Amino acid sequence: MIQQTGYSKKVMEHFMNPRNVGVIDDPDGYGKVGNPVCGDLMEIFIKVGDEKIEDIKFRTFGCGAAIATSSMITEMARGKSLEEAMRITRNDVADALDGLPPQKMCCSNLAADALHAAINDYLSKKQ
Amino acid sequence: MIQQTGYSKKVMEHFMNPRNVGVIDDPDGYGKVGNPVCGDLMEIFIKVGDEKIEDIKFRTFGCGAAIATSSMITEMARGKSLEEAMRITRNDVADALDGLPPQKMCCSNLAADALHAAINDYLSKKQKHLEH
Ligand code: FES
Ligand code: FES
Ligand SMILES: [Fe+2]
Ligand SMILES: [Fe+2]
Ligand SMILES: [Fe+2]
């Protein structure tokens, strides 16, 4: 078949063994975003120590692509400064996600969006 | 809230600890169906012994609802006769699925559809004397 899309080994790994699944009780930052197509929700929790992401968790009922991308992005964001974290997007893992069905772009965007939201929440709390 | 939707505890359980995830190499029956809206694929693999489902696996990259329903339905189908298996639908776990966002109906249909497809595959192999 021409124009094959599907699931790569990295993505599969992230699906099967996602990093940073769960919740943080009374978090410094909480972000929740929704996928406009399927309606799945993505939630990200941050603990901020120094001015860095000390801990990060995510939970979602969405699809394999959303979960793997969340695994990736939260791994990336662990230990980064808030400023660095705010600049993380799905592009930072474009290599891993290449070959995914293209409709999973929205799924992939959930993670970074939720991170951003969390950070914003934290900032506003800091007022 | 009006028109409340959400997720049950059973569905949560199935999402977190799904039964029968994976593949069967050289299966007696193979079924693959697709969700027309998101594009996710659902695959079911059966081993048939004594005109029963001896072993069953599923593989999907779809959403929590799809995965939990698959977990349920493959659990149900283990050990059933082909005839019984063909009659299993999402309705057999209607209680677990009640109140899901309505877009998850197609997600929930994937499992039983793929089961059906698998069984049909097996049957047609049998008819063609190509079964093992
Ligand atoms: S299908 Fe809903 S997040 Fe991907
Ligand atoms: S969103 Fe794709 S199977 Fe449910
Ligand atoms: Fe989108
Ligand atoms: Fe549908
Ligand atoms: Fe369907």
# chains A, B, ... in the order shown; residues from 1 in each chain; ligands from 1
>>> select_by_dssp(residues="range 79-131 of chain B", states="helix (DSSP H, G or I)", output="PyMOL selection string")
chain B and resi 82-86+90-97+104-127
>>> closest_atom_pairs(of="chain B", to="chain A", cutoff="6 Å", atoms="only C-alpha atoms", output="JSON lines")
{"residue": "B:61", "atom": "CA", "partner": "A:64", "partner_atom": "CA", "distance": 4.7}
{"residue": "B:62", "atom": "CA", "partner": "A:63", "partner_atom": "CA", "distance": 4.6}
{"residue": "B:63", "atom": "CA", "partner": "A:63", "partner_atom": "CA", "distance": 3.8}
{"residue": "B:64", "atom": "CA", "partner": "A:61", "partner_atom": "CA", "distance": 4.8}
>>> residues_near_ligand(ligand="ligand 5", cutoff="10 Å", atoms="only C-alpha atoms and all ligand atoms", output="list in words")
residues 33, 34, 35, 36, 37, 103, 104, 105, 106, 107, 108, 109, 110, 111, 112 and 113 of chain B
>>> residues_near_ligand(ligand="ligand 3", cutoff="9 Å", atoms="only C-alpha atoms and all ligand atoms", output="ChimeraX atom specification")
/A:35-37,103-107,109-110
>>> write_last_selection(atoms="C-alpha atoms", output="CSV table (one decimal), in the first residue's frame")
chain,number,residue,atom,x,y,z
A,35,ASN,CA,-9.8,17.2,22.0
A,36,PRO,CA,-12.3,19.0,19.6
A,37,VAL,CA,-12.9,15.9,17.5
A,103,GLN,CA,-5.7,12.7,12.5
A,104,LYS,CA,-3.7,11.9,15.7
A,105,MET,CA,-2.2,15.5,15.5
A,106,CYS,CA,-5.0,16.7,17.7
A,107,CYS,CA,-4.4,13.8,20.1
A,109,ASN,CA,-1.4,18.3,20.9
A,110,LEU,CA,-3.3,17.4,24.1
>>> residues_around(residues="residue 73 in chain B", least_positions_apart="5", cutoff="12 Å", atoms="only C-alpha atoms", output="PyMOL selection string")
chain B and resi 11+14+18-21+44+56-58+66-68+78-80+85-94+96+108-116
>>> residues_around(residues="residue 56 in chain A", least_positions_apart="4", cutoff="12 Å", atoms="only C-alpha atoms", output="JSON, numbers by chain")
{"A": [19, 20, 21, 22, 23, 24, 25, 27, 28, 29, 30, 31, 43, 44, 45, 46, 47, 48, 49, 52, 70, 71, 72, 73, 74, 75, 76, 77, 78, 79, 80, 85, 111, 114, 115, 118, 119]}
>>> select_by_dssp(residues="chain B", states="strand (DSSP E or B)", output="list in words")
residues 21, 29, 30, 31, 32, 33, 34, 41, 42, 43, 44, 45, 46, 47, 48, 52, 53, 54, 55, 56, 57, 58, 59, 60 and 81 of chain B
>>> write_last_selection(atoms="C-alpha atoms", output="short mmCIF file (atom, residue, chain, number, x, y, z; two decimals), in the first residue's frame")
data_model
loop_
_atom_site.label_atom_id
_atom_site.label_comp_id
_atom_site.auth_asym_id
_atom_site.auth_seq_id
_atom_site.Cartn_x
_atom_site.Cartn_y
_atom_site.Cartn_z
CA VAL B 21 -4.34 -7.59 25.26
CA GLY B 29 -9.70 -16.53 13.41
CA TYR B 30 -8.64 -12.97 12.72
CA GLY B 31 -10.94 -9.95 12.70
CA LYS B 32 -10.08 -6.31 12.11
CA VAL B 33 -12.57 -3.41 12.14
CA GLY B 34 -12.32 0.33 12.18
CA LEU B 41 -8.51 -0.07 14.44
CA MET B 42 -9.59 -3.01 16.55
CA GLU B 43 -8.11 -6.48 16.01
CA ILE B 44 -9.27 -9.74 17.52
CA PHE B 45 -7.46 -13.06 17.44
CA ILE B 46 -9.02 -16.40 18.29
CA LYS B 47 -7.86 -19.89 18.87
CA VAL B 48 -10.66 -22.45 18.44
CA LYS B 52 -15.14 -23.13 21.39
CA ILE B 53 -13.04 -19.99 21.87
CA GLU B 54 -9.98 -21.53 23.52
CA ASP B 55 -7.92 -18.35 23.41
CA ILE B 56 -8.63 -14.79 22.51
CA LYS B 57 -6.58 -11.61 22.23
CA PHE B 58 -7.20 -8.02 21.10
CA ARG B 59 -4.98 -5.18 19.97
CA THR B 60 -5.96 -1.59 19.46
CA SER B 81 -19.13 -21.84 21.67
#
>>> closest_residue(among="B:40, B:26, B:51, B:13", to="ligand 2", atoms="only C-alpha atoms and all ligand atoms")
B:40
>>> closest_residue(among="B:6, B:27, B:101, B:39", to="ligand 1", atoms="only C-alpha atoms and all ligand atoms")
B:39
>>> residues_around(residues="residue 98 in chain A", least_positions_apart="4", cutoff="9 Å", atoms="only C-alpha atoms", output="mmCIF file with C-alpha atoms, in the first residue's frame")
data_model
loop_
_atom_site.group_PDB
_atom_site.id
_atom_site.type_symbol
_atom_site.label_atom_id
_atom_site.label_comp_id
_atom_site.auth_asym_id
_atom_site.auth_seq_id
_atom_site.Cartn_x
_atom_site.Cartn_y
_atom_site.Cartn_z
ATOM 1 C CA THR A 5 0.677 5.259 8.359
ATOM 2 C CA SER A 8 6.110 2.870 15.254
ATOM 3 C CA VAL A 93 8.927 14.859 19.498
ATOM 4 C CA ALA A 94 8.038 15.128 15.790
ATOM 5 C CA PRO A 102 -2.340 12.324 10.653
#
>>> closest_residue(among="A:32, A:9, A:59, A:90", to="residue 117 in chain A", atoms="only C-alpha atoms")
A:32
>>> closest_residue(among="B:76, B:100, B:65, B:117", to="ligand 2", atoms="only C-alpha atoms and all ligand atoms")
B:65
>>> atom_distance(atom1="CA of residue 57 in chain A", atom2="atom 1 (S, counted along the ligand's line) of ligand 2")
21.9 Å
>>> closest_residue(among="B:1, B:38, B:25, B:12", to="ligand 1", atoms="only C-alpha atoms and all ligand atoms")
B:38
>>> decode(residues="range 56-78 of chain A", atoms="N, CA, C and O atoms", output="PDB file, in the first residue's frame")
ATOM      1  N   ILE A  56       5.609  15.733  37.717  1.00  0.00           N
ATOM      2  CA  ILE A  56       4.583  15.884  36.700  1.00  0.00           C
ATOM      3  C   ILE A  56       3.852  14.564  36.529  1.00  0.00           C
ATOM      4  O   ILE A  56       4.434  13.479  36.434  1.00  0.00           O
ATOM      5  N   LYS A  57       2.530  14.654  36.493  1.00  0.00           N
ATOM      6  CA  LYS A  57       1.687  13.517  36.139  1.00  0.00           C
ATOM      7  C   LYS A  57       0.629  13.883  35.102  1.00  0.00           C
ATOM      8  O   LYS A  57       0.152  15.026  34.982  1.00  0.00           O
ATOM      9  N   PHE A  58       0.172  12.853  34.369  1.00  0.00           N
ATOM     10  CA  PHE A  58      -0.970  13.003  33.472  1.00  0.00           C
ATOM     11  C   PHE A  58      -1.971  11.859  33.618  1.00  0.00           C
ATOM     12  O   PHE A  58      -1.642  10.690  33.902  1.00  0.00           O
ATOM     13  N   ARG A  59      -3.228  12.155  33.313  1.00  0.00           N
ATOM     14  CA  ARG A  59      -4.193  11.092  33.131  1.00  0.00           C
ATOM     15  C   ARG A  59      -5.133  11.425  31.975  1.00  0.00           C
ATOM     16  O   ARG A  59      -5.557  12.569  31.710  1.00  0.00           O
ATOM     17  N   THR A  60      -5.609  10.390  31.304  1.00  0.00           N
ATOM     18  CA  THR A  60      -6.474  10.606  30.176  1.00  0.00           C
ATOM     19  C   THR A  60      -7.223   9.316  29.941  1.00  0.00           C
ATOM     20  O   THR A  60      -6.749   8.184  30.027  1.00  0.00           O
ATOM     21  N   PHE A  61      -8.418   9.463  29.405  1.00  0.00           N
ATOM     22  CA  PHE A  61      -9.122   8.325  28.818  1.00  0.00           C
ATOM     23  C   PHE A  61      -8.995   8.254  27.278  1.00  0.00           C
ATOM     24  O   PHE A  61      -9.648   7.442  26.633  1.00  0.00           O
ATOM     25  N   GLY A  62      -8.124   9.089  26.699  1.00  0.00           N
ATOM     26  CA  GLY A  62      -7.992   9.134  25.255  1.00  0.00           C
ATOM     27  C   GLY A  62      -7.146   7.984  24.686  1.00  0.00           C
ATOM     28  O   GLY A  62      -6.943   6.976  25.351  1.00  0.00           O
ATOM     29  N   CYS A  63      -6.710   8.127  23.429  1.00  0.00           N
ATOM     30  CA  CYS A  63      -6.291   6.998  22.610  1.00  0.00           C
ATOM     31  C   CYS A  63      -4.804   6.747  22.822  1.00  0.00           C
ATOM     32  O   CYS A  63      -4.130   7.505  23.502  1.00  0.00           O
ATOM     33  N   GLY A  64      -4.276   5.726  22.162  1.00  0.00           N
ATOM     34  CA  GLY A  64      -2.876   5.363  22.296  1.00  0.00           C
ATOM     35  C   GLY A  64      -1.946   6.498  21.894  1.00  0.00           C
ATOM     36  O   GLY A  64      -0.964   6.740  22.567  1.00  0.00           O
ATOM     37  N   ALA A  65      -2.337   7.232  20.851  1.00  0.00           N
ATOM     38  CA  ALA A  65      -1.449   8.271  20.396  1.00  0.00           C
ATOM     39  C   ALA A  65      -1.357   9.375  21.445  1.00  0.00           C
ATOM     40  O   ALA A  65      -0.313   9.954  21.665  1.00  0.00           O
ATOM     41  N   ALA A  66      -2.508   9.724  22.041  1.00  0.00           N
ATOM     42  CA  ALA A  66      -2.527  10.773  23.062  1.00  0.00           C
ATOM     43  C   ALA A  66      -1.688  10.315  24.247  1.00  0.00           C
ATOM     44  O   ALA A  66      -0.918  11.097  24.805  1.00  0.00           O
ATOM     45  N   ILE A  67      -1.786   9.038  24.594  1.00  0.00           N
ATOM     46  CA  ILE A  67      -1.113   8.575  25.802  1.00  0.00           C
ATOM     47  C   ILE A  67       0.396   8.556  25.571  1.00  0.00           C
ATOM     48  O   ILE A  67       1.143   9.018  26.454  1.00  0.00           O
ATOM     49  N   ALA A  68       0.836   8.045  24.436  1.00  0.00           N
ATOM     50  CA  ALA A  68       2.252   7.961  24.154  1.00  0.00           C
ATOM     51  C   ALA A  68       2.866   9.360  24.102  1.00  0.00           C
ATOM     52  O   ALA A  68       3.959   9.599  24.660  1.00  0.00           O
ATOM     53  N   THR A  69       2.110  10.269  23.440  1.00  0.00           N
ATOM     54  CA  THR A  69       2.651  11.630  23.340  1.00  0.00           C
ATOM     55  C   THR A  69       2.726  12.269  24.720  1.00  0.00           C
ATOM     56  O   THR A  69       3.707  12.951  25.010  1.00  0.00           O
ATOM     57  N   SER A  70       1.740  12.018  25.568  1.00  0.00           N
ATOM     58  CA  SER A  70       1.785  12.551  26.922  1.00  0.00           C
ATOM     59  C   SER A  70       2.962  12.022  27.690  1.00  0.00           C
ATOM     60  O   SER A  70       3.607  12.776  28.399  1.00  0.00           O
ATOM     61  N   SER A  71       3.223  10.725  27.541  1.00  0.00           N
ATOM     62  CA  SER A  71       4.369  10.066  28.162  1.00  0.00           C
ATOM     63  C   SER A  71       5.661  10.778  27.761  1.00  0.00           C
ATOM     64  O   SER A  71       6.522  11.055  28.611  1.00  0.00           O
ATOM     65  N   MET A  72       5.777  11.040  26.443  1.00  0.00           N
ATOM     66  CA  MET A  72       6.944  11.694  25.915  1.00  0.00           C
ATOM     67  C   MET A  72       7.133  13.105  26.512  1.00  0.00           C
ATOM     68  O   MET A  72       8.201  13.496  27.016  1.00  0.00           O
ATOM     69  N   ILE A  73       6.052  13.863  26.424  1.00  0.00           N
ATOM     70  CA  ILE A  73       6.152  15.274  26.713  1.00  0.00           C
ATOM     71  C   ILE A  73       6.365  15.467  28.211  1.00  0.00           C
ATOM     72  O   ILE A  73       7.171  16.313  28.587  1.00  0.00           O
ATOM     73  N   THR A  74       5.705  14.684  29.045  1.00  0.00           N
ATOM     74  CA  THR A  74       5.911  14.857  30.480  1.00  0.00           C
ATOM     75  C   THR A  74       7.330  14.435  30.833  1.00  0.00           C
ATOM     76  O   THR A  74       7.927  15.131  31.676  1.00  0.00           O
ATOM     77  N   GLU A  75       7.872  13.384  30.165  1.00  0.00           N
ATOM     78  CA  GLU A  75       9.265  12.997  30.402  1.00  0.00           C
ATOM     79  C   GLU A  75      10.216  14.154  30.075  1.00  0.00           C
ATOM     80  O   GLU A  75      11.134  14.467  30.826  1.00  0.00           O
ATOM     81  N   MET A  76       9.937  14.800  28.952  1.00  0.00           N
ATOM     82  CA  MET A  76      10.730  15.918  28.490  1.00  0.00           C
ATOM     83  C   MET A  76      10.692  17.067  29.493  1.00  0.00           C
ATOM     84  O   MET A  76      11.713  17.660  29.805  1.00  0.00           O
ATOM     85  N   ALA A  77       9.496  17.341  30.015  1.00  0.00           N
ATOM     86  CA  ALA A  77       9.280  18.495  30.848  1.00  0.00           C
ATOM     87  C   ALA A  77       9.829  18.284  32.249  1.00  0.00           C
ATOM     88  O   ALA A  77      10.112  19.278  32.868  1.00  0.00           O
ATOM     89  N   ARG A  78       9.967  17.051  32.733  1.00  0.00           N
ATOM     90  CA  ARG A  78      10.485  16.816  34.076  1.00  0.00           C
ATOM     91  C   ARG A  78      11.837  17.520  34.205  1.00  0.00           C
ATOM     92  O   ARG A  78      12.716  17.305  33.375  1.00  0.00           O
TER      93      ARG A  78
END
